[PDB]
């Protein structure tokens, strides 16, 4: 039975450190340093400027841990992973890469970057000025991205102004293409995306109409990092079913800031 596993990206650096995080780890001359171990050991080169990290932040160290833990679990489970698609957001491509590394499939499977499964533009505060890394930039940063993949939606076609209806439609169109982006291959396809995608990228498969915007927004608001929903195809009955994911959930606590000098 063919499967579609929608996976939320890991923890973002700005979720922990706030909107000013870039100021916290760069000099006036823009030299990177790590003021807390949860900042990553390096940033990829952004040829449009480090400032594009504000709109399009990387995973924190903990987010990398979560992604790798999920990949290791997927390996342990024995499922056959057959393809992976990712939102163009850095946090999503990085989540995909770290899952693949622990599956030991990062050389075997190329990441298919699909702007059609990007976040709802309304929720991207950056939207007007938002810039993803290009495929060539991703390749230069040692992401094994599919340079030959023709996306359902090119990035130039994402609309800052997209409505909820336009958002849910493009996800359905995107998922429709993705499900045909493989004749007969037995195994699971990873969809590495945003909280919104656990709803917007599964309901179309399940033949369900879109949720009312308010209901959708409420359901999607508190999906944790690496949160998963899994759909399996019943091809005889011509339908998809919502099914328990092939790996367990991940629950862990926080780690608070600590200043030794306070004693």
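Numbering follows the first chain given and starts at 1.
A.B. asks: Identify the stretch, either 163-171 or 125-133, whose C-alpha atoms have the larger mean B-factor according to the entry.
C.D. replies: Averaging CA B-factors over each stretch, the winner is 125-133.
A.B. asks: Per the record, averaged over C-alpha atoms, which has the higher B-factor: 135-143 or 96-104?
C.D. replies: On average, C-alpha B-factors are higher across 135-143.
A.B. asks: Choose from 199, 54, 29, 36 the residue with the greatest Cα B-factor as stated in the PDB record.
C.D. replies: The record points to 29.
A.B. asks: Just the C-alpha B-factor column, please: which of 69, 229, 59, 213 has the biggest number?
C.D. replies: Highest C-alpha B-factor among the listed residues goes to 213.
A.B. asks: Lowest, middle or highest third: where is residue 44 by C-alpha B factor in its chain?
C.D. replies: Its C-alpha B-factor belongs to the middle third of this chain's values.
A.B. asks: For residue 110, does the deposited CA B-factor place it in the lowest, middle or highest third of the chain?
C.D. replies: Ranked within chain, residue 110 CA B lands in the middle tercile.
A.B. asks: Taking the values exactly as deposited, rank residue 64 by C-alpha B-factor within its chain and report the matching third: lowest, middle or highest.
C.D. replies: For residue 64, the deposited C-alpha B-factor lands in the lowest third.
A.B. asks: Lowest, middle or highest third: which one holds residue 87 when the chain's residues are ordered by CA B-factor from the entry?
C.D. replies: CA B-factor rank for residue 87: lowest third.
A.B. asks: Select lowest, middle or highest to describe the third in which the CA B-factor of residue 257 falls within its chain in this entry.
C.D. replies: Tercile = highest for this residue's CA B-factor.
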